[PDB]
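**Student:** If you use the authors' numbering, the sequence shown corresponds to residues 1 to 140, in order.
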Amino acid sequence: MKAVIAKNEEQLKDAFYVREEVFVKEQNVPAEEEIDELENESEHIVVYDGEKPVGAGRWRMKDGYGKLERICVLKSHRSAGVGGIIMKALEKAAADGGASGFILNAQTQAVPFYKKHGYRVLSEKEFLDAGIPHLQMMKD
C-alpha cells in the first residue's frame, strides 16, 4: 500500500474511479452526482496496492481548518487497512498546507472508526454530502 497526492492525468483518473466505485456502483447515487464544483480547489490523495487504486479522499482549507471529505474505500478492501492510510495521508497533507485542526464529513456508518482515530461528533444533525448520509466530526 502506497499513498500519493494525485496531480497528473492517470492519478486523478484513478481517484475518481475509486470515488465512482463507492458512491455510484456500491450505493445508488446517480452517475456523476458524486462530483462537485470544489474538485479543482481541493487536493486529492490516492492509495495504491501495486498498480491498483484501492482508496481515495480530498481536503481543502476552510476557515483555518483542514476540511477532509469523500474518504472512499471500496468493499473489496475494507479489511485491508486502507482507511488509516488515507486519513493519515490527508492529515499530513493538510498540516503541511498550513491547516489548523481538522473537520471531517464522515459517512454515518463510519463514525465508530473515526472515533478510534481521535475524532468527535461535532453535531448530531445528519446531512447528505453526495446524496449520502454523513455526520460532521472534528479533531484538534
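C-beta atoms are modelled at their ideal positions from N, C-alpha and C, and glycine is treated no differently.
1) Please work out which residues of its chain come closer than 7 Å, Cβ to Cβ, to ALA31, disregarding the five sequence neighbours upstream and downstream, and give them in chain order.
2) On the criterion of 16 or more Cβ atoms from any shown chain inside 10 Å, does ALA6 qualify as buried, or is it exposed?
3) Taking 8 Å as the cut-off, does the region 47-65 touch the region 89-97 (at least 3 CB pairs, one atom from each stretch)?
4) Per the DSSP calculation, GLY55 is bridged to which residue(s)?
5) For the region 98-118 against the region 35-55, do three or more pairs of beta-carbon atoms, one drawn from each stretch, fall closer than 8 Å, so that the two count as touching?
6) Which class does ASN105 belong to by DSSP, given the choice of helix, strand or coil?
7) Below 7 Å CB to CB, which residues in the same chain sit around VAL22 once its five sequence neighbours on both sides are set aside?
8) How is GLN27 classed by DSSP in three states: helix, strand or coil?
9) Under 8 Å, do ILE132 and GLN107 count as touching if we go by C-beta distance?
10) Grab me the residues of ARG19's own chain with a C-beta within less than 7 Å of its C-beta, minus the 5 sequence neighbours each way, in chain order.
11) Rounded to whole angstroms, what is the Cα-Cα separation between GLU26 and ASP129?
12) On the DSSP bridge list, what partners appear for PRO112?
**Tutor:** Judging by the given coordinates:
1) Residue 31 sits at position 31 when you count from the first residue of the sequence shown. Around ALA31: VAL24.
2) Working through the sequence shown from its first residue, we reach residue 6 at position 6. Buried, by the Cβ-count rule.
3) yes
4) The residue you call residue 55 lines up with position 55 of the sequence shown. DSSP output for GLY55 lists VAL47 as bridge partner(s).
5) no
6) Position 105 of the sequence shown, counting from 1, holds the residue named residue 105. It is a strand residue.
7) In the sequence shown, the residue the question calls residue 22 occupies position 22. Closer than 7 Å at the Cβ level, and outside the excluded window around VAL22, lie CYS72 and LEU74.
8) Start at 1 with the first residue of the sequence shown, and residue 27 comes out as number 27. Coil.
9) Counted from its first residue, the sequence shown places residue 132 at position 132. Counted from its first residue, the sequence shown places residue 107 at position 107. Going by beta carbons, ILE132 and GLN107 fall inside the 8 Å limit.
10) Here residue 19 corresponds to residue number 19 of the sequence shown, with the count starting at 1. Cβ within range, chain order: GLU34, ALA56, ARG70 and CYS72.
11) Residue numbering aside, residue 26 sits at position 26 when the sequence shown is read from its first letter. Residue numbering aside, residue 129 sits at position 129 when the sequence shown is read from its first letter. Each residue's alpha carbon lies about 16 Å from the other.
12) As a working note, residue 112 is residue 112 in the sequence shown. The partner list for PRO112 (beta bridge, DSSP) is empty, contrary to what the question assumes.
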